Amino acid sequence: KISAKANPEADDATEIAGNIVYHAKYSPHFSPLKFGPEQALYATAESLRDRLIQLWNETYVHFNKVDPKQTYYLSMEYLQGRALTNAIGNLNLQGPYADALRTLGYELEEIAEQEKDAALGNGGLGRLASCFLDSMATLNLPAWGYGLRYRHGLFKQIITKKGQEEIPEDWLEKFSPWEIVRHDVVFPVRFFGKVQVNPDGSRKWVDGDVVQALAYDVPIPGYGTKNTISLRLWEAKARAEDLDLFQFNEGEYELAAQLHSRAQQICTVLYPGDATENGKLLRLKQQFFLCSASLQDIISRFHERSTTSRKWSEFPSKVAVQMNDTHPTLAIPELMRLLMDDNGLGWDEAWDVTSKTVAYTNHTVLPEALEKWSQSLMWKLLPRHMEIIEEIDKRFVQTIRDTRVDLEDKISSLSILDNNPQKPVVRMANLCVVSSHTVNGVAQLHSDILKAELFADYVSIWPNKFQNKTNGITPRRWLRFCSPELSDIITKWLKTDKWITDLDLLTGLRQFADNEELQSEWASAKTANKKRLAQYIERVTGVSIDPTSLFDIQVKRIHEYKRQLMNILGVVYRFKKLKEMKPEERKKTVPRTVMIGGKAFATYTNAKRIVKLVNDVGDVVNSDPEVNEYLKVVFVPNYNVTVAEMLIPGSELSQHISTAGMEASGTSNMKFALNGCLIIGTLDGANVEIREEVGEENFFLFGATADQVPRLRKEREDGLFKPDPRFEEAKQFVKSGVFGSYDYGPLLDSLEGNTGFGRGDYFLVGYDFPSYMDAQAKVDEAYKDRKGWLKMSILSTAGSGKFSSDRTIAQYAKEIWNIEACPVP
């Protein structure tokens, strides 16, 4: 009944419904007869894209005219998630789009579930970049992100009898309705080759392989603003002419298409396995490709904004480049190359530009994690860059000899090049610190450790280089849009919706935390979210969960330091206790549904064993009629932004239980706190700040602290460790065969012995187990006291304002980038 009527500016239900039908008919991607939920998704996304194109174009023109200083964020990951709800929400068209879809015979949630997550990232590094983009838009800042257009993500996780299996993501196998290809925005990127030296001393990288970098824009709308910025993604392509017809017609198909193959490899997956030389080279190719394409584009834009060609001295006053971790380190020597070789600048001029343009964000505690590459591999793949890095290092060392002779003895550790006789490498973090005008960590304690310990000598050389910028999360995706009913309650009680862009207003809830009407609304909202989560879990796992039970969630990368193993051993203990109780005693317990999710790196044997263990435990627990009214255990598969958007709103307790000292941050922790989920956790990462903000009384702390961990490991080494019998009992119960034929002995050996690699319980699972189980008992007692629990939940949201990514990005803008709002009129 609704006829096709194009209206790219559609802003009421009738206009929008017409525009959707228009796209279904005139932007077809399927046979015309059926308009199923899939077709409806694409046509709805296309209708929204019309609004986004108008705004993206206006923002591009405005920034071009104003010629502001502009930030470019380089990241190897973006966890964009699904775009639909966010687009609708930022445009403030929820009502009109819901009504439009209803007139076409669909509920918006049916359609939203058809959208595949954009598989452009893996973990928190990527989700940080994605929150930052939302905040850049909303704060009206002239800032873009650049990334790679990965076709297959990291992997889609499936759970079989074997445990985790890894399959390629398929988000682009039909098409993405959000992106906009820019066929005119193509830049050449070279690999391998050699350096031509001209008679005048100029140098030019030549030969090797050349791939084409093709731009795709993903519009990022801001909340309550026209400003719509870009995540510009690069696809690596060979040219049609790079196919060798002679070889193809000789039947040598692989040889014929070898450049196409090498191009496709770049954007196949995130973090391609690098145990082999081929894989190391591919990782470096991906990093270089991102850096080179992006910087070429940035330079082109700098010039196109000229009104006269413009002075290079203006460049660092008009461009900021932020490196998210060390992955984009090659931006340093690449910008040098582009300035000196392609644009003729002398070294000193080029260095002044580069050093004032680039800043570095570090995310880590362990020096062992910081990227290093073989000098031989770098010479092979990127010879001109190795020449430039050698000169950076030569000049840096000379600075020490000229100005800081007291540090002469530390040249070997401070240099970018490690000339170890066996394994010479380039220390990428050293290159970043030496070259960047600013270095920042991602939480106060993390940033303090970077200054005091990891990079102390560099701090001595450059006393103002190092900063802190505490991470944050966007309260659009992570509260307003994922939990709209709770959001409406917040708005009602605060008497304003301005908290959506001024998150510290949430503190206005504190005065009402004992208000029984608010507690009742809060409980009702959580209940509706729990019911939705239970529906989701049943659909994706087949397990029916009881929404009156305590929902206890641990979702993050599977790793020994994250201690999913501790959680599951506690579950095994709780199960064994329940089995041993008489029914009268079981009725005294707090019923609980334990949900654990996350991905294991495919070659990480114990992480895969842990996924297998969680599933095997669940299979037994969930099917035992004697305890399954009190305990169920589910492994939630394929954790990604969409899964997070389902879990977080329905969560009551979340676990952030990593060995103390091993986490720099913890943005998921923030998301949970913001949504009224209480935390059981170690004094570690973002838990420190969350506990400070929400109050110690509204958090369940346990475990060794960071400063104790070395003593405790030494006590274990010295034979002084006294394991709690409940821990031994849990381990032995896993080893008893109760969970089936799989032998968990090898996994649990990691907890045995007193010393040795892969042994001796390095992550203190045994040591922390008793205080962990005691904190879980406190959780149970707290959960029985409903009024008390709801007060804690309200106070958790109420104290969450500091964690806004708007606060984070405003700080980067003022203190690092020196950019300011540029609102599109």
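The first residue of the shown sequence is 1; numbering continues from there.
Deposited sequence between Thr403 and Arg404: no residues lack coordinates (chain continuous).
Per the PDB record, of the two stretches 750-758 and 656-664, 750-758 carries the greater mean B-factor over its C-alpha atoms. Once the C-alpha B-factors are averaged per stretch, 538-546 and 462-470 rank with 538-546 first. When the Cα B-factors of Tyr630, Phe455, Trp171, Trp478 are read from the PDB record, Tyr630 comes out highest.
Take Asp785, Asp67, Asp50, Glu58 and read off each C-alpha B-factor from the entry; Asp785 has the highest. Ranked by Cα temperature factor within the chain, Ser435 sits in the lowest third according to the deposited record. Sorting the modelled residues of the chain by their CA temperature factor places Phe191 in the lowest third. The deposited CA B-factor of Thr160 belongs to the highest third of values across its chain. In this PDB entry, the Cα temperature factor of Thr308 sits in the top third of its chain's modelled residues, the highest group.
Among the modelled residues of its chain, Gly740 has a C-alpha B-factor that falls in the highest third according to the deposited record.
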